[PDB]
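What follows is run-v6.txt (compact mmCIF, C-alpha atoms and all ligand atoms).
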```
# COMPACT_ATOMS: atom_id res chain seq x y z
CA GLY A 1 -2.77 26.41 -4.19
CA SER A 2 -3.68 24.87 -0.84
CA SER A 3 -2.76 25.23 2.83
CA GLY A 4 0.83 24.35 3.65
CA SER A 5 1.31 20.59 3.38
CA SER A 6 4.04 17.95 3.53
CA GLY A 7 5.16 14.85 1.65
CA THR A 8 5.85 11.79 3.80
CA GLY A 9 8.17 9.10 2.50
CA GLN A 10 10.69 6.98 4.39
CA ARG A 11 10.65 3.60 2.64
CA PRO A 12 10.55 2.83 -1.10
CA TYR A 13 7.45 0.71 -0.48
CA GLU A 14 4.51 2.36 1.27
CA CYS A 15 1.05 0.78 1.14
CA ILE A 16 -1.82 3.18 0.45
CA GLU A 17 -4.61 0.71 1.23
CA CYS A 18 -4.08 1.07 4.98
CA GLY A 19 -0.82 2.94 5.47
CA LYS A 20 2.11 0.61 6.14
CA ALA A 21 5.80 0.75 5.23
CA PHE A 22 7.84 -2.24 4.07
CA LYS A 23 11.53 -2.78 3.32
CA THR A 24 11.11 -4.86 0.16
CA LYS A 25 8.34 -5.13 -2.43
CA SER A 26 7.85 -8.87 -1.95
CA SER A 27 6.42 -7.90 1.44
CA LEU A 28 4.36 -4.98 0.14
CA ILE A 29 2.81 -7.27 -2.47
CA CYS A 30 2.00 -10.21 -0.20
CA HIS A 31 0.36 -7.57 1.99
CA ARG A 32 -1.53 -5.37 -0.47
CA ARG A 33 -3.16 -8.39 -2.12
CA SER A 34 -4.36 -9.45 1.33
CA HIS A 35 -6.53 -6.34 1.63
CA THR A 36 -8.60 -7.59 -1.30
CA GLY A 37 -10.77 -10.63 -0.65
CA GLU A 38 -14.17 -11.04 0.99
CA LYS A 39 -15.64 -7.68 -0.01
CA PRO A 40 -17.56 -6.01 -2.88
CA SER A 41 -15.22 -4.21 -5.27
CA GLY A 42 -15.65 -2.14 -8.42
CA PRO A 43 -14.08 -1.82 -11.89
CA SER A 44 -10.33 -2.44 -11.62
CA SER A 45 -8.09 -0.34 -13.86
CA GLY A 46 -4.33 -0.53 -14.27
ZN ZN B 1 -2.07 -1.94 3.44
```

Would you mind writing the file out in structure tokens?
Amino acid sequence: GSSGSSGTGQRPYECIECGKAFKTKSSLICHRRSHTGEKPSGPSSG
């Protein structure tokens, strides 16, 4: 167990890369992908 916590969640699409909320996925996708680009990444799994 840990100190009292909460569980945010207003929209069905919430980005975890930065922390943004979108109405539809189409937007969440076109956004998330953006994050990735000119930067060193590691082994992708999914
Ligand atoms: Zn983001």

Env. residues ligand ZN 1 (chain B) / 10 Å / only C-alpha atoms and all ligand atoms / as an mmCIF file with C-alpha atoms, keeping the file's coordinate frame:
```cif
data_model
loop_
_atom_site.group_PDB
_atom_site.id
_atom_site.type_symbol
_atom_site.label_atom_id
_atom_site.label_comp_id
_atom_site.auth_asym_id
_atom_site.auth_seq_id
_atom_site.Cartn_x
_atom_site.Cartn_y
_atom_site.Cartn_z
ATOM 1 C CA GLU A 14 4.510 2.360 1.270
ATOM 2 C CA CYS A 15 1.050 0.780 1.140
ATOM 3 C CA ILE A 16 -1.820 3.180 0.450
ATOM 4 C CA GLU A 17 -4.610 0.710 1.230
ATOM 5 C CA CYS A 18 -4.080 1.070 4.980
ATOM 6 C CA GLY A 19 -0.820 2.940 5.470
ATOM 7 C CA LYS A 20 2.110 0.610 6.140
ATOM 8 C CA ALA A 21 5.800 0.750 5.230
ATOM 9 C CA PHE A 22 7.840 -2.240 4.070
ATOM 10 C CA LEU A 28 4.360 -4.980 0.140
ATOM 11 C CA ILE A 29 2.810 -7.270 -2.470
ATOM 12 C CA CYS A 30 2.000 -10.210 -0.200
ATOM 13 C CA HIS A 31 0.360 -7.570 1.990
ATOM 14 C CA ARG A 32 -1.530 -5.370 -0.470
ATOM 15 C CA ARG A 33 -3.160 -8.390 -2.120
ATOM 16 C CA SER A 34 -4.360 -9.450 1.330
ATOM 17 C CA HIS A 35 -6.530 -6.340 1.630
ATOM 18 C CA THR A 36 -8.600 -7.590 -1.300
#
```

What is the distance, in Å and to one decimal place, between CA of residue 7 in chain A and CA of residue 26 in chain A?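 Calculated distance between CA of residue 7 in chain A and CA of residue 26 in chain A is 24.1 Å.
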
Between CA of residue 46 in chain A and CA of residue 8 in chain A, distance in Å (one decimal): 24.1 Å

Restricting the calculation to all atoms listed in the file: of A:12, A:4, A:44, A:37, which residue gets closest to residue 25 in chain A?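 Smallest distance to residue 25 in chain A is found for A:12.
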